[PDB]
Amino acid sequence: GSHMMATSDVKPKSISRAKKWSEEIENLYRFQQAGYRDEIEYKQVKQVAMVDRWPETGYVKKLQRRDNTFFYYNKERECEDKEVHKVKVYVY
């Protein structure tokens, strides 16, 4: 009978396109690049709860990609309007 639906993990409802630059987008870009849809997917991979972030803005300091490689991110805003359009947004 296969397996019931997960209660600890929620799959994305749909995918939209970011309009402007916001912690929601910039973050999604970093995570999406790593191969994750959202922090939720990331946490499951490393089975954690807290993500390394800077107090200045609260951006992700580093994120491991799907290739098992650590990628350093620039807290000093890295996403530009050009990325907003190219960057997609996942909705649950």
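Residues numbered from 1 in each chain as written, not as in the entry; some residues may be left out. Heavy atoms only, no water.

Trainee: I'd like to hear about the packing of aromatic side chains, residue by residue, with values.
Mentor: One pass over the full model with this rule turns up three aromatic pairs. With a centroid separation of 5.9 Å and an interplanar angle of 70 degrees, the aromatic rings of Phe 31 and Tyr 42 are classed as edge-to-face. Residue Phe 31 is located in helix α1 (residues 23–34), and its partner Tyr 42 is located in helix α2 (residues 39–46); the two are separated by 11 residues in the primary sequence. Residue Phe 31 shares its accessibility class with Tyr 42, and that shared class is buried. Ring geometry for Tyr 36 and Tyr 42: centres 5.9 Å apart, planes at 50 degrees, overall tilted. The pair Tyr 36 / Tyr 42 is uniform in exposure class, with both members buried. The side chain of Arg 77 reaches across the aromatic face of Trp 21, ending 4.2 Å from its centre. (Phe/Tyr/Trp six-rings, centres within 6.5 Å; stacked < 30°, edge-to-face > 60°. Helix = DSSP H or I, 4+ residues; strand = E, 2+ residues; numbered from the N terminus. Buried < 20%, exposed > 50% of the residue type's maximum accessible area, 1.4 Å probe, protein only. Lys NZ or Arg CZ within 6 Å of the ring centre and 35° of its normal.)

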